[PDB]
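Written out below as structure tokens is the structure these notes cover.
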Amino acid sequence: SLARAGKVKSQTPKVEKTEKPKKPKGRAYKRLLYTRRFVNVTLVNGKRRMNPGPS
Amino acid sequence: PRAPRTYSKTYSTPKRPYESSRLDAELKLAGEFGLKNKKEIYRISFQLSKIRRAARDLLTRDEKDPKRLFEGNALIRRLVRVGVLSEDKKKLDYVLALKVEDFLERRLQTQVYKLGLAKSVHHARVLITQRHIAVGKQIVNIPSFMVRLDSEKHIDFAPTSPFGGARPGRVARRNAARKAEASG
Amino acid sequence: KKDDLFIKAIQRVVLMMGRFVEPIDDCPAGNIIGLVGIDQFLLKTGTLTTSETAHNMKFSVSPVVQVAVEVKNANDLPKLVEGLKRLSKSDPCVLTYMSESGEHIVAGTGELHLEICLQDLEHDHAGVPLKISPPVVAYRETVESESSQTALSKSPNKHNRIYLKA
Amino acid sequence: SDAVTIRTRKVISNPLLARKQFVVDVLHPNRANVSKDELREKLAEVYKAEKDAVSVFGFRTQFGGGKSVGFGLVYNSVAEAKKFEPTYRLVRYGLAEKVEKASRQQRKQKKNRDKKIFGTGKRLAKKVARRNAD
Amino acid sequence: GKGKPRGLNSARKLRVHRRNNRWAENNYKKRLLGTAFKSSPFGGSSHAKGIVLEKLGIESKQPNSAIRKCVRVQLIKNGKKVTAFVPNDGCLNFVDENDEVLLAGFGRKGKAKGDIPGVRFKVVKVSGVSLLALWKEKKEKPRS
RNA sequence: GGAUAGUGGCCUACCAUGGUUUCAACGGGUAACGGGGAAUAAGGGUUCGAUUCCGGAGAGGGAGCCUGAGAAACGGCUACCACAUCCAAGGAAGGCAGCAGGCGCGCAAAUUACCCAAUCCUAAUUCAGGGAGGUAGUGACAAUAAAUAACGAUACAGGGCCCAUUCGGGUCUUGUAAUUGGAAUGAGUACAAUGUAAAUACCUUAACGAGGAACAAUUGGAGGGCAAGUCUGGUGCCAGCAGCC
């Protein structure tokens, strides 16, 4: 049946964007990278993880 | 009819742009010295590429050749003029040992920090793009000024800026106007 | 606000003489004239001003007959679309639109419109042979009693039973 | 207006057409720029030629302000300037008047209209006028 | 030794031998024979517009049991029957019928893209409106 | 021997049967004007080169011709061919691959604007003319640089080390804050000046010009190569994803 074009696309729920102030970009983005990756020691446990799931 | 205008790119992307061995060290460099983009730093790699190539085919031949000695003597004069090369090494070997930092700390973005007038590389950018620093007698707007080992004896604050006199400030005057209006 | 405003500059103003158009440098504050170079995109007759605000300035027998047009030649869809668009451009009172059929039904106040657009679509902007179709229709359905007998439904899952009345 | 300190550079004189060519550098702290009207006669009292006989063009402003570099030109006498200086600059100074004219197409339209007509057309004019009359 | 001659005045012998050898390239051959010009339905063109005539329900190969909802499109300059593939979900109704779509390649340079056979080209624009922008609800497709 | 301004089968009357060729002749195709060059890379090399400079061919296809030193000229003509305008029905007027602009065509390509002010050219010639040309308008073809943000003070969490007066201060720090504060210029406004044939563009600079609801930066991916989830909800060989597996 060709009528199922984007069938799941229609069945998907409706979720809207969440309010969030814009992240600084430019040299601030490079600055933001440094302050949370290398000098920061929060995630250095076994592999220097940076997007870990809820454990 | 018109004479074509010559142009040439000053940057070159590496053959492998997708690997974790280099992005981390490159992220450190941008954050440390405060560079907005990273097209500039491949430009620096391009800067090292030309001199290394110019040095590579200069040493391929023997000594005492008239063009080789001129190109060698002319070259080493440039690096000692800008300051990326020390004043006690002119053996045409150290011109091949330059690494990425040596052409990057000479940037005006770091000279003001070395003078203690910025207190940070990012605050230095807040003095550069908003014309609050005059590396010479005239104000400039270019972070990559490539000082020539003589600006430090000539560096001074911008004449039409705070800490250089001749004006109190723009928003400082605006705030004074608001205070005067509120007081009255 | 800009609704249908464009700021194209005047190309040239002329004064037509029985289709023998001659160039004109400038025109007075009156009298009818011919103008070219700024028509380009157009939907209906309007006017033209120069100032920011510049405040400025129905016919008997409405279109009645609707006739569908389908081109005989297969590779004519861009040609047909262009032909109908410039036909609407050249016709100040036509009201053609896609409707349910989607073939850009031709309207007109009388069969003389059909007669003129015959030769129009034959040897004009379209310039292609085509055939006419009976006018499109739109018939609905309804009910007028109270479901004297009950309803039922059937499926592979026979356990689904529905009992409704209309 | 704060320490204009006008100063010339590379001044050379050629009696071929009685002019003195030089490039002038002016530094004007605490001032946006200098207009042409007062810029002309400040060379009059330093060269003793005339207020309006001097001529100045260009003066590109360096980035950041406070300094302008360009070409300046003084003239021996006024009468020389009328038949030496091109008339396209006297209109800027106001010495001469810009000749009123239409765009370049009107001259082209006029030129071909006379081109397609042979002779003065004075004899052809009334002959056509009579022909249209009857 | 080692096959090819190594003579000082033998240049023309292995020059012509080179010419026959590079004749075997896939790149050398169809570049001059004009297969992309005389046999391909694009005529050396990266993109081409066409008119959709009807749709297709071609299946896939093993081990996938699915249909890609392919469509049939006719060119203008060349004029031969050509199959096209709908890129994203829900765009079949936007390429239903009588749409001046534009064809584009798959990146395979003249062979099947994936698990859907009989297809070599895809569509990205419809009547001057791109399919991806409409999929992002950025623009609208004119009905007629 | 003719013709040319010239040598020459360029042509003519006669004589001889010859000239080239596997050292690639001749013929066919060329999405073939050539070169100077461009892209790509240690080197070698491959592809492209209509396109700003030089040398060739064309003004729709040939053919013929005057003037003129210089033309087989078409913004000069003559005849045919296929288009094609005006007819007051006899006739006359034309070849945009010149500058703009239009249609058909195509994945594909801008204004029917201003000026000879510049670089020059032409003529009887300093003065006049030149869609040669320059300027402006559209323009994310390609190139260079570079905004969208920083800095202090409070609440946590830290490193060397001082008292060894208990887990008390932590004096110097580096980050997270439903924390707050001043200074700072730019984009956009432009009084004014320079600019420019007149302007429109750049810089300078009276004055207006952030507190994030603000002056809002996107294109793709997150199994492998290819760095980027064993996070949540929905579909369940269906939709689909996927250049490859």
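In the structure tokens, chains take letters A, B, ... by order of appearance, with residues numbered from 1 within each chain and ligands from 1 in the order shown.
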
Pull out every residue of chain F sitting within 12 Å of chain C, counting only C-alpha atoms (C1' of nucleotides), and send them as JSON, numbers by chain. {"F": [86, 100, 101, 102, 103, 104, 111, 112, 113, 137]}

Would you put the residues from that selection into a file with N, CA and C atoms (P, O5', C5', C4', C3', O3' and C1' of nucleotides), as a PDB file, in the first residue's frame?
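The resulting file, out14.pdb, is reproduced below:
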ATOM      1  P     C F  86       3.673  43.544 -39.537  1.00  0.00           P
ATOM      2  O5'   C F  86       3.675  44.858 -40.438  1.00  0.00           O
ATOM      3  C5'   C F  86       3.917  46.149 -39.851  1.00  0.00           C
ATOM      4  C4'   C F  86       4.022  47.199 -40.929  1.00  0.00           C
ATOM      5  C3'   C F  86       2.921  47.177 -41.979  1.00  0.00           C
ATOM      6  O3'   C F  86       1.755  47.877 -41.550  1.00  0.00           O
ATOM      7  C1'   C F  86       5.026  47.323 -43.045  1.00  0.00           C
ATOM      8  P     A F 100      25.855  44.163 -21.488  1.00  0.00           P
ATOM      9  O5'   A F 100      24.596  44.874 -20.823  1.00  0.00           O
ATOM     10  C5'   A F 100      23.334  44.231 -20.792  1.00  0.00           C
ATOM     11  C4'   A F 100      22.208  45.233 -20.814  1.00  0.00           C
ATOM     12  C3'   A F 100      20.808  44.645 -20.782  1.00  0.00           C
ATOM     13  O3'   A F 100      20.396  44.297 -19.472  1.00  0.00           O
ATOM     14  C1'   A F 100      20.930  46.290 -22.473  1.00  0.00           C
ATOM     15  P     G F 101      20.038  42.772 -19.119  1.00  0.00           P
ATOM     16  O5'   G F 101      18.560  42.594 -19.684  1.00  0.00           O
ATOM     17  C5'   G F 101      17.549  43.535 -19.361  1.00  0.00           C
ATOM     18  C4'   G F 101      16.545  43.672 -20.476  1.00  0.00           C
ATOM     19  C3'   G F 101      15.959  42.376 -21.009  1.00  0.00           C
ATOM     20  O3'   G F 101      14.939  41.842 -20.185  1.00  0.00           O
ATOM     21  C1'   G F 101      16.601  43.740 -22.819  1.00  0.00           C
ATOM     22  P     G F 102      14.827  40.252 -19.983  1.00  0.00           P
ATOM     23  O5'   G F 102      14.033  39.760 -21.273  1.00  0.00           O
ATOM     24  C5'   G F 102      12.778  40.333 -21.606  1.00  0.00           C
ATOM     25  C4'   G F 102      12.136  39.640 -22.782  1.00  0.00           C
ATOM     26  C3'   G F 102      12.183  38.122 -22.782  1.00  0.00           C
ATOM     27  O3'   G F 102      11.217  37.534 -21.928  1.00  0.00           O
ATOM     28  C1'   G F 102      12.726  38.938 -24.935  1.00  0.00           C
ATOM     29  P     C F 103      11.446  36.052 -21.349  1.00  0.00           P
ATOM     30  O5'   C F 103      11.007  35.096 -22.547  1.00  0.00           O
ATOM     31  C5'   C F 103       9.691  35.148 -23.078  1.00  0.00           C
ATOM     32  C4'   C F 103       9.619  34.530 -24.452  1.00  0.00           C
ATOM     33  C3'   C F 103      10.004  33.062 -24.545  1.00  0.00           C
ATOM     34  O3'   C F 103       8.953  32.191 -24.165  1.00  0.00           O
ATOM     35  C1'   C F 103      11.091  34.269 -26.262  1.00  0.00           C
ATOM     36  P     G F 104       9.251  30.934 -23.209  1.00  0.00           P
ATOM     37  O5'   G F 104       9.893  29.851 -24.184  1.00  0.00           O
ATOM     38  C5'   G F 104       9.122  29.234 -25.206  1.00  0.00           C
ATOM     39  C4'   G F 104       9.986  28.389 -26.107  1.00  0.00           C
ATOM     40  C3'   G F 104      10.943  27.442 -25.400  1.00  0.00           C
ATOM     41  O3'   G F 104      10.324  26.225 -25.019  1.00  0.00           O
ATOM     42  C1'   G F 104      12.110  28.641 -27.071  1.00  0.00           C
ATOM     43  P     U F 111      18.056  41.798 -13.287  1.00  0.00           P
ATOM     44  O5'   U F 111      18.549  43.163 -13.943  1.00  0.00           O
ATOM     45  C5'   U F 111      17.875  43.721 -15.067  1.00  0.00           C
ATOM     46  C4'   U F 111      17.925  45.229 -15.051  1.00  0.00           C
ATOM     47  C3'   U F 111      17.611  45.910 -16.382  1.00  0.00           C
ATOM     48  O3'   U F 111      16.952  47.151 -16.132  1.00  0.00           O
ATOM     49  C1'   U F 111      19.785  46.509 -15.686  1.00  0.00           C
ATOM     50  P     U F 112      15.374  47.299 -16.397  1.00  0.00           P
ATOM     51  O5'   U F 112      15.269  47.542 -17.967  1.00  0.00           O
ATOM     52  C5'   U F 112      15.747  48.744 -18.554  1.00  0.00           C
ATOM     53  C4'   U F 112      16.533  48.465 -19.810  1.00  0.00           C
ATOM     54  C3'   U F 112      16.965  49.677 -20.618  1.00  0.00           C
ATOM     55  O3'   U F 112      18.121  50.300 -20.086  1.00  0.00           O
ATOM     56  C1'   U F 112      16.105  47.992 -22.063  1.00  0.00           C
ATOM     57  P     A F 113      18.418  51.852 -20.379  1.00  0.00           P
ATOM     58  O5'   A F 113      18.945  52.416 -18.985  1.00  0.00           O
ATOM     59  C5'   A F 113      18.039  52.734 -17.938  1.00  0.00           C
ATOM     60  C4'   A F 113      18.754  53.295 -16.734  1.00  0.00           C
ATOM     61  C3'   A F 113      19.871  54.286 -17.021  1.00  0.00           C
ATOM     62  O3'   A F 113      19.391  55.595 -17.266  1.00  0.00           O
ATOM     63  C1'   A F 113      20.598  52.704 -15.415  1.00  0.00           C
ATOM     64  P     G F 137      25.715  50.032  -6.222  1.00  0.00           P
ATOM     65  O5'   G F 137      24.484  49.419  -7.028  1.00  0.00           O
ATOM     66  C5'   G F 137      23.182  49.972  -6.904  1.00  0.00           C
ATOM     67  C4'   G F 137      22.164  49.176  -7.683  1.00  0.00           C
ATOM     68  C3'   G F 137      22.152  47.676  -7.429  1.00  0.00           C
ATOM     69  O3'   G F 137      21.441  47.317  -6.255  1.00  0.00           O
ATOM     70  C1'   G F 137      22.122  48.074  -9.755  1.00  0.00           C
TER      71        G F 137
END

Write out as CSV a residue-level contact list of chain A versus chain F with cut-off 6 Å: for each qualifying residue the closest pair of atoms and the distance in Å to one decimal, counting only C-alpha atoms (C1' of nucleotides), rows sorted by chain and residue number upward.
residue,atom,partner,partner_atom,distance
A:6,CA,F:239,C1',6.0
A:7,CA,F:239,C1',5.3
A:8,CA,F:239,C1',5.4
A:12,CA,F:234,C1',5.2
A:53,CA,F:231,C1',5.4

Per residue of chain D within 12 Å of chain B, note the shortest atom pair and the distance in Å to one decimal, counting only C-alpha atoms, and order the rows by chain and increasing residue number, as a Markdown table.
| residue | atom | partner | partner_atom | distance |
| --- | --- | --- | --- | --- |
| D:2 | CA | B:166 | CA | 11.7 |
| D:27 | CA | B:138 | CA | 11.5 |
| D:29 | CA | B:159 | CA | 9.0 |
| D:30 | CA | B:166 | CA | 7.9 |
| D:31 | CA | B:160 | CA | 11.0 |
| D:32 | CA | B:160 | CA | 11.8 |
| D:62 | CA | B:138 | CA | 8.8 |
| D:63 | CA | B:139 | CA | 7.5 |
| D:64 | CA | B:139 | CA | 5.7 |
| D:65 | CA | B:138 | CA | 8.3 |
| D:66 | CA | B:138 | CA | 8.6 |
| D:67 | CA | B:138 | CA | 9.1 |

Let me see the file: selected residues, N, CA, C and O atoms, as a compact mmCIF listing (two decimals), in the first residue's frame.
# COMPACT_ATOMS: atom_id res chain seq x y z
N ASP D 2 41.72 71.31 16.26
CA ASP D 2 42.70 71.20 17.34
C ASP D 2 44.03 70.77 16.72
O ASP D 2 44.21 69.60 16.38
N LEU D 27 47.13 66.51 10.06
CA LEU D 27 46.72 65.76 11.25
C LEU D 27 45.76 66.62 12.05
O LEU D 27 46.08 67.77 12.39
N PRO D 29 43.61 66.01 15.26
CA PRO D 29 43.04 65.36 16.45
C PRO D 29 41.81 66.10 16.95
O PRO D 29 41.68 67.32 16.79
N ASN D 30 40.89 65.34 17.54
CA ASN D 30 39.65 65.86 18.10
C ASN D 30 38.81 66.59 17.05
O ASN D 30 38.10 67.55 17.35
N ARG D 31 38.90 66.12 15.80
CA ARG D 31 38.11 66.69 14.71
C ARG D 31 37.81 65.58 13.71
O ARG D 31 38.70 64.80 13.36
N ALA D 32 36.55 65.51 13.27
CA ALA D 32 36.15 64.46 12.34
C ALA D 32 36.89 64.58 11.02
O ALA D 32 37.50 63.61 10.55
N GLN D 62 42.84 58.11 6.36
CA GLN D 62 43.45 56.89 6.88
C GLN D 62 42.56 56.27 7.95
O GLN D 62 41.78 56.96 8.62
N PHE D 63 42.69 54.95 8.11
CA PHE D 63 41.81 54.21 9.01
C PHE D 63 42.04 54.63 10.46
O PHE D 63 43.15 54.51 10.98
N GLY D 64 40.97 55.08 11.12
CA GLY D 64 41.05 55.58 12.47
C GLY D 64 40.96 57.08 12.59
O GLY D 64 40.78 57.59 13.71
N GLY D 65 41.09 57.81 11.49
CA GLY D 65 40.97 59.25 11.51
C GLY D 65 42.21 59.94 12.04
O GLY D 65 43.21 59.32 12.39
N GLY D 66 42.13 61.27 12.09
CA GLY D 66 43.22 62.08 12.59
C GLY D 66 44.35 62.31 11.61
O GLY D 66 45.36 62.90 12.00
N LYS D 67 44.22 61.86 10.37
CA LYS D 67 45.27 62.02 9.38
C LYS D 67 44.68 61.84 7.99
O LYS D 67 43.97 60.86 7.74

Running DSSP on the backbone, which parts of stretch 40-71 of chain D land in helix (DSSP H, G or I), as a ChimeraX atom specification? /D:40-41,44-47

Could you tell me which residues of chain F sit within 9 Å of chain D when counting only C-alpha atoms (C1' of nucleotides), and give me the result as a PyMOL selection string? chain F and resi 114-115+117+193-195+197+203-205

Could you pull out the strand (DSSP E) residues of chain D, going by DSSP on the backbone, and write them as a ChimeraX atom specification? /D:8-14,19-26,55-61,68-75

Please produce a file of the residues just selected, as an mmCIF file, in the first residue's frame, where the atoms kept are C-alpha atoms.
data_model
loop_
_atom_site.group_PDB
_atom_site.id
_atom_site.type_symbol
_atom_site.label_atom_id
_atom_site.label_comp_id
_atom_site.auth_asym_id
_atom_site.auth_seq_id
_atom_site.Cartn_x
_atom_site.Cartn_y
_atom_site.Cartn_z
ATOM 1 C CA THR D 8 53.334 69.970 2.514
ATOM 2 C CA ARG D 9 55.516 67.170 1.151
ATOM 3 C CA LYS D 10 57.430 66.583 -2.099
ATOM 4 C CA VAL D 11 56.968 70.072 -3.540
ATOM 5 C CA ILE D 12 58.209 70.423 -7.133
ATOM 6 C CA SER D 13 57.667 73.373 -9.478
ATOM 7 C CA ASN D 14 57.320 73.192 -13.267
ATOM 8 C CA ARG D 19 52.011 75.137 -11.158
ATOM 9 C CA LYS D 20 53.527 73.725 -7.968
ATOM 10 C CA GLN D 21 52.717 70.072 -7.279
ATOM 11 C CA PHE D 22 52.940 68.622 -3.778
ATOM 12 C CA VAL D 23 51.334 66.027 -1.518
ATOM 13 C CA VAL D 24 50.031 67.403 1.780
ATOM 14 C CA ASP D 25 49.589 65.551 5.075
ATOM 15 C CA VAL D 26 47.272 67.052 7.703
ATOM 16 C CA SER D 55 43.146 73.323 -6.218
ATOM 17 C CA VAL D 56 42.803 70.199 -4.068
ATOM 18 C CA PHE D 57 41.443 66.733 -4.832
ATOM 19 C CA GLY D 58 41.432 63.261 -3.292
ATOM 20 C CA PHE D 59 42.367 63.371 0.421
ATOM 21 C CA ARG D 60 41.679 59.762 1.362
ATOM 22 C CA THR D 61 41.206 59.405 5.122
ATOM 23 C CA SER D 68 44.516 62.720 5.711
ATOM 24 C CA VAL D 69 46.873 62.248 2.754
ATOM 25 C CA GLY D 70 46.246 63.529 -0.755
ATOM 26 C CA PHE D 71 47.349 65.723 -3.628
ATOM 27 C CA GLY D 72 47.317 69.515 -3.409
ATOM 28 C CA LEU D 73 47.999 71.987 -6.195
ATOM 29 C CA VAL D 74 48.590 75.748 -6.107
ATOM 30 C CA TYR D 75 48.499 78.041 -9.133
#

Find the nearest atom pair between each residue of chain F and chain E for residues within 12 Å, count only C-alpha atoms (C1' of nucleotides), give distances in Å to one decimal, sort rows by chain and ascending number, and present the table as JSON lines.
{"residue": "F:23", "atom": "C1'", "partner": "E:12", "partner_atom": "CA", "distance": 9.3}
{"residue": "F:24", "atom": "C1'", "partner": "E:16", "partner_atom": "CA", "distance": 10.5}
{"residue": "F:29", "atom": "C1'", "partner": "E:33", "partner_atom": "CA", "distance": 9.4}
{"residue": "F:30", "atom": "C1'", "partner": "E:32", "partner_atom": "CA", "distance": 8.4}
{"residue": "F:31", "atom": "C1'", "partner": "E:34", "partner_atom": "CA", "distance": 7.7}
{"residue": "F:46", "atom": "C1'", "partner": "E:28", "partner_atom": "CA", "distance": 11.4}
{"residue": "F:47", "atom": "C1'", "partner": "E:28", "partner_atom": "CA", "distance": 11.3}
{"residue": "F:105", "atom": "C1'", "partner": "E:77", "partner_atom": "CA", "distance": 9.0}
{"residue": "F:106", "atom": "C1'", "partner": "E:77", "partner_atom": "CA", "distance": 8.6}
{"residue": "F:107", "atom": "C1'", "partner": "E:47", "partner_atom": "CA", "distance": 4.7}
{"residue": "F:108", "atom": "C1'", "partner": "E:47", "partner_atom": "CA", "distance": 9.7}
{"residue": "F:237", "atom": "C1'", "partner": "E:65", "partner_atom": "CA", "distance": 5.7}
{"residue": "F:238", "atom": "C1'", "partner": "E:66", "partner_atom": "CA", "distance": 7.9}
{"residue": "F:239", "atom": "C1'", "partner": "E:89", "partner_atom": "CA", "distance": 8.1}
{"residue": "F:240", "atom": "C1'", "partner": "E:89", "partner_atom": "CA", "distance": 7.8}
{"residue": "F:241", "atom": "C1'", "partner": "E:88", "partner_atom": "CA", "distance": 10.2}
{"residue": "F:242", "atom": "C1'", "partner": "E:114", "partner_atom": "CA", "distance": 8.0}
{"residue": "F:243", "atom": "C1'", "partner": "E:107", "partner_atom": "CA", "distance": 6.3}
{"residue": "F:244", "atom": "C1'", "partner": "E:114", "partner_atom": "CA", "distance": 9.9}
